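Structure first, commentary second.
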Amino acid sequence: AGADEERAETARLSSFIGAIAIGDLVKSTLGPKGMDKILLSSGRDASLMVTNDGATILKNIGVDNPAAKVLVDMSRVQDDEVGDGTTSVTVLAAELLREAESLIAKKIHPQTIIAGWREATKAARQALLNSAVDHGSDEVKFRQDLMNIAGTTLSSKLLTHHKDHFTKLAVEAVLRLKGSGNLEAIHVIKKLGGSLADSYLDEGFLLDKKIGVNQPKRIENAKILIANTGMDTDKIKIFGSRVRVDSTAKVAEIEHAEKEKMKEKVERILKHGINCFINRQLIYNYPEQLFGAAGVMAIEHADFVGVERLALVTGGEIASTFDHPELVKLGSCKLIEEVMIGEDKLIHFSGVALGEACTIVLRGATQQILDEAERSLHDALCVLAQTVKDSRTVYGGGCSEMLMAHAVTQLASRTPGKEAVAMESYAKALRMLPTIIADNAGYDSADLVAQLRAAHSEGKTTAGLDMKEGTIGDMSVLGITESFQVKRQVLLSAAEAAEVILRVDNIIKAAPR
Amino acid sequence: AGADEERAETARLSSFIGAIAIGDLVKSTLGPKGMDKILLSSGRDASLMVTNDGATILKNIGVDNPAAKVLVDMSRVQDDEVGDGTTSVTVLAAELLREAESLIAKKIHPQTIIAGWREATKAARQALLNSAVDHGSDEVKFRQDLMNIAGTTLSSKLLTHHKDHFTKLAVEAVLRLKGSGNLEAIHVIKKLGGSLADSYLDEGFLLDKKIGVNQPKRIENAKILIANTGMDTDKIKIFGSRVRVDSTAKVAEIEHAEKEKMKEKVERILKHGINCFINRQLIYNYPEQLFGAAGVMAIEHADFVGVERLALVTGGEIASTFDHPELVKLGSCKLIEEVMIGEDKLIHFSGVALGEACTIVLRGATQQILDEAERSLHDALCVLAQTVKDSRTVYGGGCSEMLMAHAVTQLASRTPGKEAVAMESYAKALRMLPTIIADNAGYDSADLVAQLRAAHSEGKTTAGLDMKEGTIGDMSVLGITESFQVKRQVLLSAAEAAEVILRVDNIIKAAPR
Amino acid sequence: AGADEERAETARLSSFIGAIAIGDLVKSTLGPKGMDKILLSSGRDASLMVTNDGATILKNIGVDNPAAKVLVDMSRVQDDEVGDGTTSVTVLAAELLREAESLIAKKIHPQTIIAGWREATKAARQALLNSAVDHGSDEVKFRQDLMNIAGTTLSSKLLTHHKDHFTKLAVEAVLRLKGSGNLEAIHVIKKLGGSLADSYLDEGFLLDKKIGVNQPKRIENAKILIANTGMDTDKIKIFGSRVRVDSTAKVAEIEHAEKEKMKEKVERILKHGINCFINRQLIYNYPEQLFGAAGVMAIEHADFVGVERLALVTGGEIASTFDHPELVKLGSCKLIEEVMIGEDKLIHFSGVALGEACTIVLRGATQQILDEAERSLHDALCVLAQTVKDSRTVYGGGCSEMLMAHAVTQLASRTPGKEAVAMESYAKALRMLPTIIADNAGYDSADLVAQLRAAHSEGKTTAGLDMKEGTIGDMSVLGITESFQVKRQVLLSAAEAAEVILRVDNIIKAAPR
């Protein structure tokens with residue numbers, strides 16, 4: 001079957017290599033001051049894709065044959081549950097593998113060593129219920145809505161110079177989302193024109209299409225018409241082919257028949273007061289001359305997904321044949337217009353009666369960075385939704401890591417012999433996270449770690465690493481916090497990821513269903 | 001893999017090399033006695049293109065991997081707002097990079113150095129509000145229209161002998177152009193025939209087509225008809241199919257139907273007084289005989305772009321079916337005729353009542369050099385149009401640069417330590433421009449630097465580098481002046497390109513896929 | 001990387017190499033002795049073209065990449081002014097480059113050297129607006145029409161034993177083209193039959209074609225018909241299909257319909273008295289039988305180019321459908337006939353009322369030399385038109401070059417020696433020409449230079465190199481003269497063309513790395 005199997009030394013090594021390669025790259029991402037990375041790939045990759053979110057970059061590609069992709073895939077479930085904020089879940093699992101060099105010296109029973117992973121659940125659950133997290137969002141909430149965790153997610157990201165304002169905007173978007181919808185109908189677009197606000201919140205839906213140069217500039221008391229069938233007429237579903245009437249003179253009636261399609265469209269249209277027509281496909285030329293005289297703005301080949309979303313927004317319609325007008329059609333009427341804001345022209349649909357669907361339009365600084373904002377909304381939508389629902393968070397700035405480390409030292413003394421040596425090694429791993437945060441800051445590491453441990457040991461969960469100061473301070477005053485979900489899941493599956501490879505000392509031979 | 005990550009000094013170096021290569025080529029370009037350059041290259045290039053405009057050449061070719069294309073791109077946005085006259089903006093940006101080698105010797109914090117750019121605000125503005133330059137350009141004007149900057153723009157260019165006259169012509173074009181209509185409707189064609197004037201200005205629009213050998217030579221009562229649909233008839237979209245017939249005689253009735261189509265065209269046409277017909281497509285043969293007898297000039301397969309601009313000029317038309325004659329067509333009426341010019345035959349539309357759109361025609365001797373005028377005219381339109389709107393200029397020949405240099409010298413050593421080195425690096429950058437101007441003309445650079453600084457220091461703004469003289473002289477009488485917004489923007493444009501790579505906060509980075 | 005690597009020493013070399021190769025071929029050509037050269041290429045070239053005139057050979061073919069084709073191109077512009085006689089302008093420019101080797105001795109600044117070209121304008125102004133010319137050429141003028149300069153142009157050419165008579169003929173040709181035309185409508189052909197005249201002057205246009213086996217030999221009071229559309233008829237619009245009949249009687253109309261086409265052509269034709277028909281395309285067989293019996297000669301697939309000249313000649317016509325015979329057709333009638341010239345069979349159109357367009361028929365002895373005459377006509381027409389318009393001339397045979405040389409020697413010592421070496425070199429360029437004129441004569445070159453200079457110095461412009469004498473004599477008696485503006489342009493042109501690549505030190509490169 002072309003099976004690739006490695007015995008003892010080689011099998012273990014591949015996991016070891018996979019964990020180390022990813023650790024160095026992800027470590028710089030963490031913290032208020034993160035580093036943006038630039039990735040270039042060939043083969044269905046347009047240009048360098050720069051992702052600040054570690055989970056997004058791993059999901060996108062499958063670089064090579066060594067085992068690590070499955071470990072990567074699991075993080076998505078975590079994302080649906082919580083996901084982002086800052087990425088640290090992958091890093092802790094990778095360092096577990098490094099003491100394995102020490103482990104070979106033990107020389108014969110790795111399985112006994114394994115009982116530590118179940119023990120790790122003990123280590124992780126001890127962390128659970130231990131440490132005051134937060135009071136939690138009531139619902140909507142006035143000032144606790146943001147200016148907290150989203151900013152922290154952003155801090156590692158470059159756009160933060162104007163971006164932090166954008167993050168603040170996103171919570172407003174999440175609060176409106178809760179009501180009856182689901183987790184759908186959120187649309188964001190960006191504009192090349194520069195502004196300090198760098199974004200506007202629209203009460204309705206954003207679209208970009210035009211009938212033609214002629215027609216009135218704006219419409220009011222608008223009525224919206226949506227048609228399943230195109231305005232094109234002649235073919236039927238089967239030719240109706242070679243007609244041959246009895247000279248040129250009667251061929252004219254068929255041309256006349258076209259006029260009948262034109263007239264029906266205007267007669268029915270005039271009574272309603274129709275201000276806008278939206279059709280998802282091709283549109284017949286004849287009606288276009290007629291729309292301009294009437295003062296009605298139509299949209300040719302409107303995208304179906306936008307239209308379908310639009311329908312809940314406008315009260316909906318039953319789309320059928322030209323009978324479609326009047327009562328079978330329901331149309332919202334606040335205002336439809338093409339406004340000209342800043343430079344590039346677009347059409348704004350707004351004032352929806354339903355209130356169950358909304359759209360956001362962004363403005364940028366004008367450059368390569370502008371395309372960055374596309375990925376940027378998506379990060380914001382996910383961070384806030386979970387933070388309000390979980391109602392639980394933990395202190396950032398490495399505050400969480402030092403507290404747990406003091407507790408885990410005790411755990412090694414907890415077990416009489418073999419368990420103790422293995423359990424202690426897991427505990428020392430946590431120490432590196434605080435050390436790395438301080439080192440990139442531009443401050444002396446030795447002074448930092450000694451003072452750090454003393455504050456955590458005392459019992460203050462709030463106290464943590466302050467990079468700006470270069471010393472230890474109160475994290476809570478800063479307002480930096482990490483989502484509660486990211487911490488419980490990493491601890492539970494960090495052990496599971498390493499568990500499938502390392503515990504296997506020998507291989508049978510399968511692959512079925 | 002394939003990341004092209006470039007860390008610390010290597011990243012800085014790529015910016016450095018791009019700047020030095022560009023400056024040497026462009027330096028000879030700005031001056032009364034510029035050289036002129038020809039590029040051979042190969043592949044999709046013909047042979048020795050010669051461009052005197054630095055901005056045009058940088059955009060045309062993107063030769064290599066190092067970053068500079070985006071910096072180059074920004075020059076064009078400047079062109080819309082003024083652009084050229086002479087190209088000097090690119091040179092100043094490059095020189096600021098040379099001091100960076102000195103900076104590694106300092107080896108402290110590159111961010112700290114960045115402070116000089118921000119205080120460059122007090123430099124660009126120092127150039128501003130200091131030294132009155134002219135005062136005029138209120139609108140139209142008799143002799144201030146040219147014999148100024150346009151001559152200077154072309155002074156560098158070889159075509160100066162006969163062409164300086166052409167430059168004079170271009171401002172007349174801008175005067176008609178000016179209004180609240182921004183920039184629209186400008187068309188220029190060079191012709192293969194030589195005259196002393198080497199160009200005549202047409203009051204209307206120039207086109208090149210003919211109905212056929214028959215029909216009268218001159219209409220002089222010119223009325224214009226434009227049709228969206230061809231004169232061709234048969235298929236409609238309801239064929240009547242491929243057609244039988246018992247005998248050849250029956251097919252005769254079909255010909256007769258074609259005849260009716262001819263008659264409708266003439267009956268309506270004579271009443272209007274129709275003198276010329278222009279159709280943007282193929283034209284059916286039958287009407288052609290009709291037009292010839294009537295004394296009406298028609299154009300087959302007329303280009304659409306000419307028509308839309310022409311419509312603005314004539315007063316417009318509404319293009320529909322054969323109902324098109326009379327009132328639905330406005331038809332302007334001064335003079336339409338085909339006029340022989342020197343060598344090649346062309347058709348001229350003239351006498352436009354609206355006044356918004358006009359056309360320029362150039363002739364020339366008949367040279368490789370002659371095609372040069374097409375790109376040159378575009379440059380001519382851009383320099384003069386902004387000259388009137390800005391209403392402000394600066395002294396050329398290095399006068400502006402030496403003055404600014406005197407102010408920056410005080411700033412340098414006065415501030416102690418780390419900031420002084422940064423401030424002074426920018427300051428001596430200005431020194432190179434005086435050296436570069438004198439060196440290319442055949443005079444000793446060393447002597448020139450000493451004498452130049454002493455005159456500027458005294459307080460005479462007008463005095464500057466005179467290449468023909470070999471020393472210093474009064475710049476204003478020479479006729480060399482620089483656009484007002486080129487100087488505030490150039491300092492800012494030079495500043496941002498180098499600054500962005502040195503910002504983002506450290507970033508040692510690495511990244512996989 | 002791209003563009004061609006030239007600046008400093010290598011760039012100078014390309015100009016240098018182009019000048020030396022061209023000078024040897026052209027040097028032989030100068031003067032009555034002048035040597036004819038044979039050039040061979042077999043694909044797109046009929047036979048070796050001797051091309052005695054230097055200007056004609058350089059323009060026809062651009063053999064290679066080095067710069068020289070553009071320098072060559074200017075000479076035609078000179079030709080438009082006059083630019084012929086015997087070629088000398090190109091040679092003087094080339095020798096300017098020879099002492100450039102001396103210039104590397106200076107080893108540092110070529111620009112000081114450049115001021116010498118300006119000096120040349122001062123030096124060359126003593127050759128134009130100076131000396132004396134001839135003061136004849138009233139325009140038209142019956143006896144001063146030729147036997148002068150055209151013979152001189154031909155003196156170099158070998159054919160001038162019977163050829164000189166041909167040159168005399170050409171002025172009559174220039175006189176007839178006098179008017180509002182320019183240079184158009186002149187056709188020249190040659191024949192293989194020998195006669196003393198070697199040529200004949202005809203009243204009209206010559207075309208080689210024949211109708212067919214049948215048809216009258218000659219027509220008088222001839223009327224000319226030209227048709228855009230061929231005489232082929234049947235399918236038009238809607239073939240009426242391919243027809244199967246029910247019986248013999250119905251098919252009567254098809255055969256008869258063809259007859260109507262025949263009837264229109266004959267009945268309309270008879271009233272006019274039609275003697276000849278010319279069609280630029282294929283012709284239908286039925287009319288062909290008619291033309292023979294009627295007494296009318298028709299031409300199948302007549303060349304369109306021949307037809308267009310003929311139209312000015314006959315007063316023209318409007319070409320369309322069979323409505324064409326009568327007033328819409330203008331016929332000029334003298335005599336149209338097919339005649340025998342010595343051996344070959346040709347058709348002659350003659351007796352043009354307009355007089356604006358004419359054709360020349362050359363016969364000749366039966367020689368390689370005979371094809372030389374075709375070469376001669378293009379040169380003949382250009383020489384005479386300019387001579388009447390300029391009203392000024394200079395003495396040939398090297399008389400012009402030596403006089404100028406005496407003046408330039410003084411100039412070198414006037415300037416400082418470093419400058420002087422560069423100025424003197426332009427001056428000694430003139431000296432080589434006297435040596436060449438004598439060398440082709442077979443007389444001793446050393447003796448000739450000494451005696452030549454002494455007579456020119458004295459002040460006699462008329463005195464020059466008498467090749468036949470072996471010493472020096474009166475050029476005017478010989479009748480050899482050069483037009484006045486050939487000299488004005490050569491002196492300005494020779495200097496700056498070379499100067500543009502020597503003026504500049506560093507140049508044209510884009511951005512390799």
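Letters for chains follow the order of the structure tokens (A, B, ...), residue numbers begin at 1 for each chain, and ligand numbers begin at 1 in the order shown.
Fitted onto chain A by least squares over the complete set of C-alpha atoms, chain B shows an RMSD of 2.1 Å.
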- Skip residue 298 of chain A itself and residues of its chain fewer than 5 positions away, then list as a list in words all residues within 7 Å of it, counting only C-alpha atoms.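 Near residue 298 of chain A, the qualifying residues are residues 211, 276, 277 and 278 of chain A.
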Those residues you just picked out, can you put them in a file as a PDB file, in the first residue's frame with C-alpha atoms?
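The resulting out.pdb:
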ATOM      1  CA  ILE A 211     -28.787  50.481 -15.281  1.00  0.00           C
ATOM      2  CA  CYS A 276     -36.193  50.574  -8.327  1.00  0.00           C
ATOM      3  CA  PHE A 277     -36.138  47.257 -10.186  1.00  0.00           C
ATOM      4  CA  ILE A 278     -33.671  44.489  -9.317  1.00  0.00           C
TER       5      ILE A 278
END
Hey, could you make a per-residue contact list for chain A against chain B with 6 Å as the cut-off, showing the nearest pair of atoms and its distance in Å to one decimal, counting only C-alpha atoms, sorted by chain and number, as CSV?
residue,atom,partner,partner_atom,distance
A:25,CA,B:511,CA,5.8
A:35,CA,B:507,CA,5.6
A:39,CA,B:513,CA,5.7
A:40,CA,B:3,CA,5.2
A:242,CA,B:241,CA,5.2
A:243,CA,B:240,CA,5.6
A:244,CA,B:240,CA,4.2
_What parts of segment 137-295 of chain A does DSSP call alpha helix (DSSP H)? I'd like the answer as JSON, numbers by chain._
{"A": [149, 150, 151, 152, 153, 154, 155, 160, 161, 162, 163, 164, 165, 166, 167, 168, 169, 170, 171, 172, 173, 174, 175, 176, 177, 248, 249, 250, 251, 252, 253, 254, 255, 256, 257, 258, 259, 260, 261, 262, 263, 264, 265, 266, 267, 268, 269, 270, 271, 272, 285, 286, 287, 288, 289, 290, 291, 292, 293, 294]}
Quiz prompt | All residues 9 Å or closer to residue 381 of chain C, only C-alpha atoms, same chain fewer than 6 positions away omitted, as a PyMOL selection string | solution = chain C and resi 170-171+173-174+183
